[PDB]
Structures are given as structure tokens and as C-alpha cells.
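# As they sit in the full assembly, here are the leading chains:
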Amino acid sequence: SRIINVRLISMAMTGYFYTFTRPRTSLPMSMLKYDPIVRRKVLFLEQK
């Protein structure tokens, strides 16, 4: 209940995602990850 599992959706609209955990009483996650569909580092943002 204290920790939630979020989904970091790629901003290349390729449908790839990364799942990381973070506390509810925190800000949304945002990272620069490697999208294997386009094979390039793009911006991944939390789903909601």
C-alpha cells in the first residue's frame, strides 16, 4: 500500500515499457531509457 508499481511508457509510441517501484508520497518517475524497438535512448514517462 505504501509502495506502488508504476509503468514507464516510451515516448516514441513504440509500446515498450519499464516497470519500477516508488512510494505513493513522491513525484512521478521520468527517465532516459533504451527503447529496443527503435534501438535508441528515448524519454520514458510514467503511465498515468
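Happy to help now that I have it. Numbering: from 1, shown residues only, chains lettered A, B, ... in the order given.
# So for stretch A:4-12, what gets flagged as buried?
For stretch A:4-12, the neighbour count (16 or more other CB atoms under 10 Å) marks A:6, A:8-10 as buried. (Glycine included, C-beta is placed from N, CA and C.)
# which of these lies closest to residue A:17?
Residue A:17 lies nearest to residue A:9 out of the buried residues of stretch A:4-12, by CB to CB, at 5.2 Å.
# Check which helix or strand the residue nearest in space to the middle of chain A maps to.
Nearest to the mean C-alpha position of chain A, counting by CA atoms, centre = their mean, stands residue A:8 at 1.4 Å. Residue A:8 belongs to strand A:3-10 when assigned by DSSP states H and E.
# immediately after that strand, which helix or strand?
Assigned by DSSP H and E, the successor of strand A:3-10 is strand A:17-23.
# attach chain B to the model above:
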Amino acid sequence: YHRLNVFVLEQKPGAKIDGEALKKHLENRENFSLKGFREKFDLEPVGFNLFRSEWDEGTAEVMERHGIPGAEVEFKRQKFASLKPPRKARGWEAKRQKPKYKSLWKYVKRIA
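The block that follows adds chain B to the chains above:
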């Protein structure tokens, strides 16, 4: 990558290497040893610089001009296979994998 070491060695005062004895040292010497070479002419290393060189697109053509042999030779990493002797598979499913247990192949085949 290959390391090419540029060495600068000082000769002792009043010691001039014979122009014909220097071109004889490299004769029939395919493993040039700086250690031995330095000890024979009584030289001393003073300066040094370094620069490496690996296989690149222009390597093949550079060998053609100067006739350097060895272009059509590629090196592959030596692979070490396991030293464990083969062993019979173990498990309930692994035993019952031959045509004998054809009626139990629904428990043994197509396992994820």
C-alpha cells in the same frame, strides 16, 4: 589493439654506433628485445611516447601498397568448452522422454 612504443635512448659520450653494426643487429631477429638491444650498445632510455593502432577500414589498402603480408588472416577468440563429462539427464520428466512412455508424453513434452 597493437601498442607502438616510441623510445628515445641516449648514447654515452663519444660512443658512435657503427653504421654497419646497427643494420646487422636486426638481421635474423624477429623478436626485437629492447632489453637486450640496450645492453649491447650501452644506451640509456631518456624519453618515450605511445600510440596504439588496431584494425580499421584503411588497414587492408595500406598493406597492399607496401606488400605487408597477412591481410587475409582473421583471429577468433579461443573457446574453452566445459571439462565435465557428459552425464545422463535426471528428473521424472527426463527419464520418461523415450517412445517407451508414449502414454505419459503429455506430462513430459512441450514444457515451458
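# quick revisit: what helices or strands is the strand holding residue A:8 leaning on?
Contacts defined by 3 or more CB pairs under 8 Å, 6 or more residues apart in numbering or on different chains; DSSP states H and E place strand A:3-10 against strand A:17-23, strand A:30-35, strand A:40-46.
# of all those strands, which lies closest to residue B:13?
Per CB to CB, nearest to residue B:13 of the helices and strands packed on strand A:3-10: strand A:40-46, 61.7 Å.
# ok so, going back, dump the helices and strands packed on strand A:3-10 to JSON lines, plus mean neighbour count and distance to residue B:44.
Shown next, in JSON lines, are the helices and strands packed on strand A:3-10 (neighbours: other CB atoms under 10 Å in any protein chain shown; distance: least, CB to CB, whole Å):
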{"stretch": "strand A:17-23", "mean neighbour count": "12", "distance to residue B:44": "60"}
{"stretch": "strand A:30-35", "mean neighbour count": "13", "distance to residue B:44": "53"}
{"stretch": "strand A:40-46", "mean neighbour count": "14", "distance to residue B:44": "52"}
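# can you add chain C next? sequence is:
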Amino acid sequence: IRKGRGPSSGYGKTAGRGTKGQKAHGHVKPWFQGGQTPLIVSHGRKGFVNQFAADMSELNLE
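Okay, chain C now, added to the rest:
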């Protein structure tokens, strides 16, 4: 090998069954592993069997 026909035959009393177990009194289910779940239930069956694929008769030039 005719079991149950004397001690000297080598297959005499127990008939190669041991001594008073479940394998001597009755029969064990073949799929049974003692209770431990099988790997096809712990991993599951992988894939499907294509029932529409054509069964060609392979012929080579050799």
C-alpha cells in the same frame, strides 16, 4: 521368468516386489510423483499445435 515358483528360481516368495509396500499390495498411478507438482504444472505447456498446417512430402534433387 515365471515368478512365484520356488526360492531357487530366484523369483520365489516376494516375486521381485520387495516387502509390504504400495508397490507390493496395489498399483501406483504412473503420473504420480509422490505429491510434488510436475514441471508441466509448475512451468505449463508451451505453445500450440498447428492443426491447419499442410503436411508436405519432402523431395530433394539429390
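# What packs on strand A:3-10 again please, chain C included this time.
strand A:17-23, strand A:30-35, strand A:40-46.
# now these in JSON lines, with distance to chain C?
Compiled in JSON lines, these are given as follows (distance: least, CB to the nearest CB, whole Å):
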{"stretch": "strand A:17-23", "distance to chain C": "22"}
{"stretch": "strand A:30-35", "distance to chain C": "28"}
{"stretch": "strand A:40-46", "distance to chain C": "30"}
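# Tell me which residue of chain A lies closest to chain B.
Relative to chain B, the nearest point of chain A is residue A:19 (21.6 Å; CB to the nearest CB).
# Quick check: that residue vs residue C:10, distance?
65 Å (CB to CB, to the nearest Å).
# Residue of chain B closest to chain C, please.
Taking CB to the nearest CB, chain B has residue B:112 as its residue nearest chain C, at 3.8 Å.
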